[PDB]
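Quick setup: one chain, the form deposited in one PDB entry, written in structure tokens, and binding and motion questions come after.
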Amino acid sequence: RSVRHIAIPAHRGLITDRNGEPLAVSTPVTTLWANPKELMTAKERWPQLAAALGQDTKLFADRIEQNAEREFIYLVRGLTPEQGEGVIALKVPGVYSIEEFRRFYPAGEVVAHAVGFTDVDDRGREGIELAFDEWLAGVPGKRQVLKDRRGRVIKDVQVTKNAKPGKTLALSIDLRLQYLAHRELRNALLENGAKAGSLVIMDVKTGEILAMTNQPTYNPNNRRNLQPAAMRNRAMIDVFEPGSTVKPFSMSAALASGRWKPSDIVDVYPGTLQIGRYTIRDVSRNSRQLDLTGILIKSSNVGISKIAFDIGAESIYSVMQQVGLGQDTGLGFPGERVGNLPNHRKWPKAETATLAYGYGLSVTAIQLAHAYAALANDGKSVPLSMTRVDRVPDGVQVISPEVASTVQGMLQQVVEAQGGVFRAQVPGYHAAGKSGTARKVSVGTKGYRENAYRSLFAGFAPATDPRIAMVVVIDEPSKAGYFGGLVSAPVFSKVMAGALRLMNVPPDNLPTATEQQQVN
């Protein structure tokens, strides 16, 4: 006869989206345990008990007999509270129940990368569950139980320490936008036969991450055949060369230098530029000269390179650093990369050119979206947040309002002008942005791959008062082309349309507005 201590499970904190939609919830479950010593005196009830647990008669009997000398075994864990009381209703001697919790993720794969999961011991091992584990964790309680000589429980004596629940956490994510983004990125991956991808949506005024989705993904509620590669929150932890998607920042440096103005014309013939042993090449070569806007519309590597030689790498480096490329986001998401903005003491022409058109630096999709947000928010950068923001934070003017306005207009033309990225047009709205395509880095050697690509699009909308910024990255498309303006642009179009509608943003381009918007 003796008193034993028994744990009282604590409620882990609720994780919700920005509007209270549950993303991670501790749900009540019932574990059944048995005192084999008591069960051994009621052998005649076993077949009935075994059947009610869906276990084979002899296998169940073997279990109990092999543990006859023990005072405690688990019969089954994670029953619904109703099923547990169904078994306890049979009043089999030696069978007891205890209330426990199971962590459940109602959106499953849709937000697996951001939210993460807890392991068997209720510790966060990935994502937000890891990052806020101390905040979310409850502290389990304790109570005393009196047992007789045969381990039979005859009295609950007292609670020695109450359980304390963890705290609720509201993420910045809008689950509605997350569902839309998840579905459209998945469709694009499959249509394009791509290996992976990411999509980020950002509130340009508040810095809040409204959506963050990647492929491949996984179901955190059933991780039985989970492979490591599918667990990666690529938007935060994978870096890439952004290519021509950083040209707007090179252009901002030019415009801020005092040496360039939008009407200036750059000679780009014949669409290549030799600098020692290296050859800078333009993909499209149907122009001998281009104005500043045309350098972006036609995405001229040669054009931006000549501008970079004139203004110097330092001015470009400086803009990129200020908008957050290669810089710590301050988010503290587990595994998150800072990336790399190269800094030489002396900048050769080669490095100066490649920086300006987006190679030799590494960024994340989150950083790229953050930099576009600053541009969209009339040159004012606000800190990123993955938790709900109540008050608009004070921003930092990283690009002048005048320059940001001029670059916004250029990027609107990149989407809307003839020869532009027309697949990025958003019905009902004026949108602005820049596509990109990058050759992937060679496996097993230095240099770039001949037939493997990363497709990019980054932009914001609506042009008249930007509300959200979005980055789409698709890795190794193989079925319907590879250029960013063919692959990632239409994903931007569809997701931006949906997002703006879901957030009730009024259409600013009614000529192209669909029937449903022309009435509201």
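Numbers for residues come from their place in the sequence shown, where the first is 1. Take the two forms, superpose them, and find the largest set of C-alpha atoms that agree within 1.5 Å; that set is the rigid core.
Absent from the display: the form deposited in another entry. The rest refers to it.
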With the two forms superposed on the core, which of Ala404, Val95, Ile311, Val110 shows a CA shift of 2 angstroms or more between this form and the one not shown?
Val95
Classify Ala10 as shifted (yes) or not shifted (no) between this form and the one not shown, where shifted means its C-alpha moves by 2 Å or more with the rigid core superposed.
yes
Residue shift check between this form and the one not shown, rigid core fit, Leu189 Cα at least 2 Å:
no
Aligning on the core only, does the CA of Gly379 end up 2 angstroms or more away between this form and the one not shown?
no
